[PDB]
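Number of protein chains: 2
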Amino acid sequence: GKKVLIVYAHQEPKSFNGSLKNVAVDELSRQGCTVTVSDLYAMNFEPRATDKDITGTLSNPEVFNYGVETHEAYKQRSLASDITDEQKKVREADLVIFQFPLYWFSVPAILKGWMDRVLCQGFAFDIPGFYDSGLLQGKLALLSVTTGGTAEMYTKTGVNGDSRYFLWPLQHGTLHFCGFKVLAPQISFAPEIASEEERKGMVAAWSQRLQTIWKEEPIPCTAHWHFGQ
Amino acid sequence: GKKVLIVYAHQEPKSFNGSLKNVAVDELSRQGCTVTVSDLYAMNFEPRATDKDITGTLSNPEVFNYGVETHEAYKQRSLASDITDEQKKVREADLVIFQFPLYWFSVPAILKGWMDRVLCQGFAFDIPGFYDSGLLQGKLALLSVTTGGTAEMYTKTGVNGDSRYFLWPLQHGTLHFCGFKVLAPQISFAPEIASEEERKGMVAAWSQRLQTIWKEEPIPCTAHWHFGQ
Ligand SMILES: [Zn+2]
Ligand SMILES: [Zn+2]
């Protein structure tokens, strides 16, 4: 038995990102997996890291330090319920899939805020705390990204550089850091410019990949993988 | 004369980030520059890219596409006023300094949302009209970042890899994309664990750099610079 959380960041259900999220739900459900979706825009998920994230009273209210405050609130069971609700989904999951369009070589801010606020010290990491000592080892993570640019723009000598270059802060600096084994990314290059036939091709690569996702090994989430040889 | 915009992303005025912002204000003010600060947390700046960012009739109300609809809204002058407010600041500035703690090898979500919402098509870039042809050509940008990890940790052989590696989405994918020339980053390493001696020194180093900022030349904002050969 396998549990999957899909963290989904697109405003429009009729989008290509929506299609990809829905075929994931459909295929993983068909397999018998337990599936949960965090539809961040529908949730009006809060992105900002603020003192509202700790309930009651602070470890030092004279000088607010978000990292220390949330670390202490996680230990005293004092985080805001939107955070802890996401933490439970994560804790239960065997696989976390992030489904998003590439905004400025990264995640949309609403999803950045989910990372910033959900992946707190004590839960995902400790200081010291991290990479293999992070707290989500044993779990799989996978970034399913759509891009505005064509594949060849994301080549080494392409204007955008290699797609791997922009994955670093997300796969390594965030997911690896917290202990996830990182599955190879799903990159759906320039679906908006693509034909209905290229778009169906991309959706089926993904449904077909999902059929065998539990047979994948994580990538080696190394600087050599992103930047070499 | 010179105009400077500081986009500042920390919750606590008494923080080290706060110190760095304040010393920038004080030195650039002393020089006679015109200075504006967008204190995003104090502004409760909206980070989410939503349909609330456009006030008129949508171009395609059946299938919402944020990029398309904000592009059209920019041209029609129908974007939300918070966006327009920040666009004016950027338009006027000669130099934009981003002052923030590193969250997940990137900017805090509040600041990611500023990038996502303020730097829209028509304003910051066109297609064509990006990278060296971006619409903010002639302006300078600088990242002033604080880190949890020590300097040794952000080297090629340190735990986090080289600091330049995480700068790529920001410097290249966002600022260079919009036409900015990019000044060398100011990275203040591990202030929380430094002595007050050391913290004072890092503050004073930044103030001293600012004394001669207008004599600096930008980096070559290329793959080679960020990653090597
Ligand atoms: Zn890694
Ligand atoms: Zn560049």
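Protein chains in written order, with UniProt numbering: chain A, 3 to 231; chain B, 3 to 231. Where is the CB? At the ideal position from N, CA and C, for every residue including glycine.
query, result
"I'd like the span of the beta strand (DSSP E) that includes A:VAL98, first residue to last.", "97-103"
"Can you tell which of A:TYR156, A:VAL161, A:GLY160 has its C-alpha closest to the C-alpha of A:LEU169?", "A:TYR156"
"Ends of the alpha helix (DSSP H) at B:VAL65?", "Premise fails: B:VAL65 is in no alpha helix (DSSP H) and is neither H nor E."
"In angstroms with no decimal places, state the Cα-to-Cα distance between B:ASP53 and B:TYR68.", "7 Å"
"So, does the CB of A:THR57 fall closer than 8 Å to a CB anywhere in chain B?", "no"
"If contacts are defined as beta-carbon pairs under 8 Å, then A:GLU14 and B:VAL120 qualify, I think. What distance do you get, rounded to the angstrom?", "Their Cβ separation, rounded to whole angstroms, is 21 Å, which puts A:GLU14 and B:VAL120 out of contact at 8 Å."
"Going by the DSSP bridge assignment, what does A:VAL147 pair with across the sheet?", "A:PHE102, A:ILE189"
"Going straight from the alpha carbon of A:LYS5 to that of A:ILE85, what length do you get?", "19 Å"
"As a quick exercise: from B:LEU81, B:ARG93, B:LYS23, B:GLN33, pick the residue whose alpha carbon is nearest that of B:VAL39.", "B:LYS23"
"Which residues in the same chain as B:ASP118 place their Cβ atom closer than 8 Å to its Cβ, once the five residues preceding and following it in sequence are excluded?", "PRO49, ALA51"
"B:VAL184 and B:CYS122 - do their beta-carbons sit closer together than 8 Å?", "no"
"Considering only residues of the stretch 16-99 of chain A, which uninterrupted beta strand (DSSP E) runs meet the minimum length of 3 residues and lie entirely inside it, listed in chain order?", "36-41"
"If you follow the beta strand (DSSP E) that B:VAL9 is in, where does it begin and where does it stop?", "5-10"
"Tell me where the alpha helix (DSSP H) around A:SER209 begins and ends.", "198-213"
"Who's in the neighbourhood of ligand 3, going by beta-carbon under 5 Å from any heavy atom, listed in chain order?", "This structure simply doesn't include ligand 3; it includes ligand 1 and ligand 2 instead."
"Tell me whether A:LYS183 sits in a helix, a strand or coil according to DSSP, three-state version.", "strand"
"According to DSSP, what are the bridge partners of B:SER108?", "B:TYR105"
"To the nearest angstrom, report how far apart A:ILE99 and A:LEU7 are at their CA atoms.", "6 Å"
"Using 8 Å as the threshold, is the C-beta distance between A:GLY150 and A:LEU104 below it?", "yes"
"Need the endpoints of the alpha helix (DSSP H) that B:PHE132 sits in, please.", "Premise fails: B:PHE132 is in no alpha helix (DSSP H) and is neither H nor E."
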